[PDB]
Amino acid sequence: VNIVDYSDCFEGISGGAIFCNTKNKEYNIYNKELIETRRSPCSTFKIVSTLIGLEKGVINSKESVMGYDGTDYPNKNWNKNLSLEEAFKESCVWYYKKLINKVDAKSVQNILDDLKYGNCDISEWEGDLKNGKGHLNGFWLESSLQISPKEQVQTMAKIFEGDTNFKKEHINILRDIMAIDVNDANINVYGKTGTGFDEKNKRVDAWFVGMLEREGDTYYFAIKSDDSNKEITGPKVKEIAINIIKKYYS
Ligand SMILES: *C(=O)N1C[C@H](NOS(=O)(=O)O)CC[C@H]1C(N)=O
């Protein structure tokens, strides 16, 4: 466990980062207190909910559809019978809500327990209804489920090193749709952003979680902001993560 200083890449935004290489058990931590604090995963939960849907047969491949019903949404890409790959990349809430609501709560509880997914608290299945957004909510969106950045990395490592019971074919579908382009062919980066606002504490929950493969070694990472500036989003923290990767992990 090496404490590191990545502040220069955070451009004055408050947050922290953790990178773990499981071959040599090298844990690099910036802002240890934040890295151990549990927070709502927001859209980073799509990493796990995709695997749940695959395991239960609700979806089967990166082409799988969830039967769009014609409901009007402001994001033009949500207004179609989109595939799993497009729903993941466009963060289509209705698709992932419909997916999870086809799965019984016991099954979800047991999968989260097996993954040690933070507090594994799905008690508020419907999510944070007081925000007025009705069915666009759920337990993983600023609600009962909370996970620390360190626990995110531990979960990613267990999934993608083959240490869970999820099928290898399903893990590879996730890998496929998580891959991003960082304009550097010499590193493979995979990840997912998440964005929420913590109304109790008036701070953002802005995430980028994933992995990086660079010539033999693999690092699992979580970058997290808790800034009070509402302009700080998941996509903003992904930019910060990319800067760290290129500066320190290239
Ligand atoms: C997940 O965090 N969400 C879904 C959607 N996309 O998030 S992302 O841009 O961070 O990937 C919008 C934000 C958030 C939500 N409001 O549900």
# chains A, B, ... in the order shown; residues from 1 in each chain; ligands from 1
>>> residues_near_ligand(ligand="ligand 1", cutoff="8 Å", atoms="only C-alpha atoms and all ligand atoms", output="PyMOL selection string")
chain A and resi 41-44+89-93+136-137+141+192-196+206-207+233-235
>>> write_last_selection(atoms="N, CA, C and O atoms", output="CSV table (one decimal), in the first residue's frame")
chain,number,residue,atom,x,y,z
A,41,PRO,N,-23.3,3.9,-5.9
A,41,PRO,CA,-22.6,3.7,-7.1
A,41,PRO,C,-23.1,4.5,-8.3
A,41,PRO,O,-22.3,4.6,-9.3
A,42,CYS,N,-24.3,4.9,-8.3
A,42,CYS,CA,-25.0,5.5,-9.4
A,42,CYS,C,-24.8,4.6,-10.7
A,42,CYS,O,-24.9,3.4,-10.5
A,43,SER,N,-24.5,5.2,-11.9
A,43,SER,CA,-24.5,4.4,-13.1
A,43,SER,C,-23.4,3.4,-13.2
A,43,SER,O,-23.4,2.5,-14.1
A,44,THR,N,-22.4,3.4,-12.3
A,44,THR,CA,-21.4,2.4,-12.2
A,44,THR,C,-22.0,1.0,-11.9
A,44,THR,O,-21.4,0.0,-12.2
A,89,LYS,N,-23.8,2.1,-23.3
A,89,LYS,CA,-23.1,3.3,-23.7
A,89,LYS,C,-23.9,4.6,-23.6
A,89,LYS,O,-23.3,5.6,-23.3
A,90,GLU,N,-25.2,4.5,-23.8
A,90,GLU,CA,-26.1,5.7,-23.7
A,90,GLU,C,-26.7,5.8,-22.3
A,90,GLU,O,-27.4,6.8,-22.1
A,91,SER,N,-26.3,5.0,-21.4
A,91,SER,CA,-26.9,5.0,-20.0
A,91,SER,C,-28.4,5.1,-20.1
A,91,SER,O,-29.0,6.0,-19.5
A,92,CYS,N,-29.1,4.2,-20.8
A,92,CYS,CA,-30.5,4.2,-20.9
A,92,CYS,C,-31.2,3.7,-19.6
A,92,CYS,O,-31.2,2.5,-19.4
A,93,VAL,N,-31.7,4.6,-18.9
A,93,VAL,CA,-32.3,4.2,-17.6
A,93,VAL,C,-33.5,3.2,-17.8
A,93,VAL,O,-33.6,2.3,-17.0
A,136,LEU,N,-37.9,6.3,-12.9
A,136,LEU,CA,-36.5,6.5,-13.3
A,136,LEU,C,-35.5,6.3,-12.2
A,136,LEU,O,-34.3,6.5,-12.4
A,137,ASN,N,-36.0,5.8,-11.0
A,137,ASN,CA,-35.2,5.6,-9.8
A,137,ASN,C,-34.9,4.1,-9.5
A,137,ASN,O,-35.5,3.2,-10.1
A,141,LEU,N,-29.2,4.3,-7.3
A,141,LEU,CA,-29.1,5.7,-7.7
A,141,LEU,C,-29.4,6.6,-6.6
A,141,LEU,O,-30.6,7.0,-6.3
A,192,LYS,N,-16.5,2.6,-16.6
A,192,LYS,CA,-17.9,3.1,-16.7
A,192,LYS,C,-18.0,4.3,-15.7
A,192,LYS,O,-17.4,4.2,-14.6
A,193,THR,N,-18.6,5.4,-16.1
A,193,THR,CA,-18.9,6.6,-15.3
A,193,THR,C,-20.1,6.5,-14.5
A,193,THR,O,-21.0,5.7,-14.8
A,194,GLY,N,-20.2,7.3,-13.4
A,194,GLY,CA,-21.5,7.5,-12.7
A,194,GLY,C,-21.6,8.9,-12.2
A,194,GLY,O,-20.6,9.5,-11.9
A,195,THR,N,-22.8,9.4,-12.1
A,195,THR,CA,-23.1,10.7,-11.6
A,195,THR,C,-24.3,10.7,-10.8
A,195,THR,O,-25.4,10.3,-11.1
A,196,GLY,N,-24.2,11.3,-9.6
A,196,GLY,CA,-25.3,11.6,-8.7
A,196,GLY,C,-25.0,12.8,-7.9
A,196,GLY,O,-23.8,13.3,-7.9
A,206,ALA,N,-19.3,11.6,-8.2
A,206,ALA,CA,-18.9,11.4,-9.6
A,206,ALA,C,-17.8,10.4,-9.7
A,206,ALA,O,-16.8,10.4,-8.9
A,207,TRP,N,-18.0,9.4,-10.5
A,207,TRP,CA,-17.3,8.1,-10.5
A,207,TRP,C,-16.7,7.9,-11.9
A,207,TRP,O,-17.3,8.2,-12.9
A,233,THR,N,-19.0,16.0,-12.9
A,233,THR,CA,-19.8,14.8,-13.4
A,233,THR,C,-18.9,13.6,-13.5
A,233,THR,O,-17.6,13.7,-13.5
A,234,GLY,N,-19.5,12.5,-13.7
A,234,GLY,CA,-18.8,11.3,-14.1
A,234,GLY,C,-17.8,11.5,-15.3
A,234,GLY,O,-16.6,11.1,-15.2
A,235,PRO,N,-18.4,12.0,-16.4
A,235,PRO,CA,-17.5,12.2,-17.5
A,235,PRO,C,-16.3,13.1,-17.2
A,235,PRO,O,-15.2,12.9,-17.8
>>> select_by_dssp(residues="stretch 169-215 of chain A", states="strand (DSSP E or B)", output="short mmCIF file (atom, residue, chain, number, x, y, z; two decimals) with N, CA, C and O atoms, in the first residue's frame")
data_model
loop_
_atom_site.label_atom_id
_atom_site.label_comp_id
_atom_site.auth_asym_id
_atom_site.auth_seq_id
_atom_site.Cartn_x
_atom_site.Cartn_y
_atom_site.Cartn_z
N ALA A 179 -14.97 -1.23 -23.03
CA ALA A 179 -13.71 -0.74 -23.59
C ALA A 179 -13.88 0.70 -24.05
O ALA A 179 -14.91 1.07 -24.63
N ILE A 180 -12.87 1.53 -23.79
CA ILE A 180 -12.90 2.90 -24.27
C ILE A 180 -11.64 3.17 -25.08
O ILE A 180 -10.63 2.45 -24.98
N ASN A 188 -4.91 -0.77 -22.92
CA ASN A 188 -6.34 -1.07 -23.03
C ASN A 188 -7.01 -0.56 -21.77
O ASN A 188 -6.68 -1.01 -20.66
N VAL A 189 -7.93 0.39 -21.91
CA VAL A 189 -8.68 0.93 -20.78
C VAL A 189 -10.13 0.51 -20.94
O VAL A 189 -10.66 0.48 -22.06
N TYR A 190 -10.76 0.13 -19.83
CA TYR A 190 -12.17 -0.24 -19.75
C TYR A 190 -12.76 0.49 -18.55
O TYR A 190 -12.10 0.61 -17.52
N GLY A 191 -13.99 0.99 -18.68
CA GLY A 191 -14.55 1.62 -17.50
C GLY A 191 -16.01 1.99 -17.66
O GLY A 191 -16.64 1.71 -18.69
N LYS A 192 -16.55 2.61 -16.62
CA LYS A 192 -17.90 3.15 -16.65
C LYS A 192 -17.98 4.32 -15.69
O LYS A 192 -17.45 4.25 -14.59
N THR A 193 -18.65 5.40 -16.11
CA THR A 193 -18.86 6.58 -15.27
C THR A 193 -20.14 6.46 -14.47
O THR A 193 -21.05 5.69 -14.79
N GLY A 194 -20.25 7.30 -13.45
CA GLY A 194 -21.50 7.46 -12.73
C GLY A 194 -21.60 8.87 -12.19
O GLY A 194 -20.59 9.49 -11.85
N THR A 195 -22.83 9.37 -12.12
CA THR A 195 -23.07 10.73 -11.64
C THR A 195 -24.30 10.75 -10.75
O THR A 195 -25.37 10.25 -11.13
N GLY A 196 -24.15 11.33 -9.57
CA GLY A 196 -25.28 11.57 -8.70
C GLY A 196 -24.96 12.79 -7.87
O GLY A 196 -23.83 13.29 -7.86
N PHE A 197 -25.98 13.29 -7.18
CA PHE A 197 -25.77 14.37 -6.23
C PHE A 197 -26.33 13.92 -4.89
O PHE A 197 -27.46 13.44 -4.81
N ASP A 198 -25.52 14.05 -3.85
CA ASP A 198 -25.89 13.63 -2.50
C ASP A 198 -26.59 14.81 -1.85
O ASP A 198 -25.94 15.76 -1.40
N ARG A 203 -23.02 17.25 -1.91
CA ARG A 203 -21.81 16.92 -2.65
C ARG A 203 -22.16 15.97 -3.79
O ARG A 203 -23.09 15.17 -3.70
N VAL A 204 -21.38 16.09 -4.88
CA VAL A 204 -21.56 15.17 -6.01
C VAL A 204 -21.02 13.79 -5.64
O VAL A 204 -20.17 13.64 -4.75
N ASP A 205 -21.56 12.78 -6.30
CA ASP A 205 -20.94 11.46 -6.39
C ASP A 205 -20.58 11.26 -7.86
O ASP A 205 -21.43 10.88 -8.67
N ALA A 206 -19.34 11.55 -8.22
CA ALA A 206 -18.89 11.44 -9.60
C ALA A 206 -17.81 10.37 -9.66
O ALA A 206 -16.80 10.45 -8.94
N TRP A 207 -18.02 9.37 -10.52
CA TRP A 207 -17.25 8.13 -10.54
C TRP A 207 -16.65 7.87 -11.92
O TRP A 207 -17.27 8.16 -12.94
N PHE A 208 -15.49 7.22 -11.93
CA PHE A 208 -15.04 6.43 -13.08
C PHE A 208 -14.34 5.19 -12.54
O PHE A 208 -13.32 5.30 -11.86
N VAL A 209 -14.90 4.01 -12.82
CA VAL A 209 -14.42 2.73 -12.31
C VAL A 209 -14.08 1.83 -13.49
O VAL A 209 -14.82 1.82 -14.48
N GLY A 210 -13.01 1.03 -13.37
CA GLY A 210 -12.67 0.11 -14.45
C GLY A 210 -11.31 -0.54 -14.30
O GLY A 210 -10.86 -0.82 -13.18
N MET A 211 -10.79 -0.89 -15.40
CA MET A 211 -9.46 -1.49 -15.46
C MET A 211 -8.54 -1.05 -16.69
O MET A 211 -8.90 -0.44 -17.79
N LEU A 212 -7.28 -1.35 -16.49
CA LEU A 212 -6.31 -1.04 -17.48
C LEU A 212 -5.33 -2.15 -17.61
O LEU A 212 -4.92 -2.72 -16.65
N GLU A 213 -5.04 -2.48 -18.85
CA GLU A 213 -4.10 -3.52 -19.18
C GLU A 213 -3.00 -2.88 -19.96
O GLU A 213 -3.23 -2.20 -20.92
N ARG A 214 -1.80 -3.11 -19.51
CA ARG A 214 -0.63 -2.53 -20.11
C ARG A 214 0.49 -3.53 -20.06
O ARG A 214 1.07 -3.72 -19.01
#
>>> select_by_dssp(residues="stretch 17-217 of chain A", states="helix (DSSP H, G or I)", output="PyMOL selection string")
chain A and resi 32-35+42-55+76-78+84-90+93-101+105-115+129-131+134-136+149-160+168-178
>>> atom_distance(atom1="atom CA of residue A:12", atom2="atom CA of residue A:222")
18.2 Å
>>> closest_residue(among="A:223, A:18, A:94, A:243", to="residue A:133", atoms="only C-alpha atoms")
A:94
>>> closest_residue(among="A:135, A:158, A:202, A:224", to="residue A:117", atoms="only C-alpha atoms")
A:158
>>> closest_residue(among="A:49, A:119, A:143, A:14", to="residue A:225", atoms="only C-alpha atoms")
A:14
